[PDB]
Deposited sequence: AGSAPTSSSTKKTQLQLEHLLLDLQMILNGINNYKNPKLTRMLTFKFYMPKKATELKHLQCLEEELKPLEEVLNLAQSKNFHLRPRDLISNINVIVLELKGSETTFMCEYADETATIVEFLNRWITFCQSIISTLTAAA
């Protein structure tokens, strides 16, 4: 159901914005250290099956968040698994946690803006 799909995408989008806003708008004395870690990034992310590329990075994501999260990542894991239904292709450029979260937020907004 394109309906249920968008409540899950809206839910996935919110969870990612919660993490972004929690490391952007927050004291964070570990920000500089957290920012050193590099995330693998999707070569292309336009179909829901490309969420495979997000799932594979959930374990490093949780680890980085721990340096300042299990519940949020586990909640995200369930939604990704529901939405994705392949072989992830990664770009060569790697990204900081903020660039990583921004890319997948943008991805959700692209997909949310194609079923409504």
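Missing from the model relative to the deposited sequence are positions 1-8, 77-84, 102-105, 137-139 (no C-alpha coordinates, numbering from 1).
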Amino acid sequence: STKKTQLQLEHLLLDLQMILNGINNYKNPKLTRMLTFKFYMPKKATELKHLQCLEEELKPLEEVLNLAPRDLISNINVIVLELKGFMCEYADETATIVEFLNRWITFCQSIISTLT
From here on, numbers count along this sequence of modelled residues.
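Modelled in this chain, residue 26 is nonetheless unresolved in at least one third of the other entries of the protein that span it on both sides. Stretches 52-60 and 24-32 differ in mean C-alpha B factor, with the higher average recorded for 24-32.
Comparing the deposited coordinates for 41-49 and 73-81, the stretch with the larger average C-alpha B-factor is 41-49. Among all modelled residues in this chain, the alpha-carbon of residue 65 has a temperature factor (C-alpha) in the middle third. Compared with the other modelled residues of the chain, the Cα B-factor recorded for residue 87 ranks in the highest third.
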